[PDB]
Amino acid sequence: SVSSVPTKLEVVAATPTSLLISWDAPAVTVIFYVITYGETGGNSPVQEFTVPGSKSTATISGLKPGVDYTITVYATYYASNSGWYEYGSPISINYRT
């Protein structure tokens, strides 16, 4: 009944090199989303940025063509039930450019 995880995370447009992802926001009040991505192997470090909680999309750039990436989004949200902010559990996907 409480929604703190985004749902339906997907790549909606793509270059070989860049991605437009959207997700569906959860119920709760999100102050920002955290976006994380990196090569599914483990071969390169992992990159991370945030998006304002008002936004339910993000772009990802400078990826390598033809490589499998793992993309992850989680909400930093206000848990009204406890009285502090919380880093929500993430939703994740794989995508090959």
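Position 1 is the first residue in the sequence shown; the rest follow in order.
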| item | value |
| --- | --- |
| Segment of higher mean CA temperature factor, 26-34 or 39-47 | 39-47 |
| Third of the chain's Cα B-factor distribution that residue 1 belongs to, per the entry | highest |
| Third of chain Cα B-factors occupied by residue 7 | highest |
| Ranked against its chain, the third holding the CA B-factor of residue 76 | middle |
| CA B-factor ranking of residue 57, expressed as a third of its chain | middle |
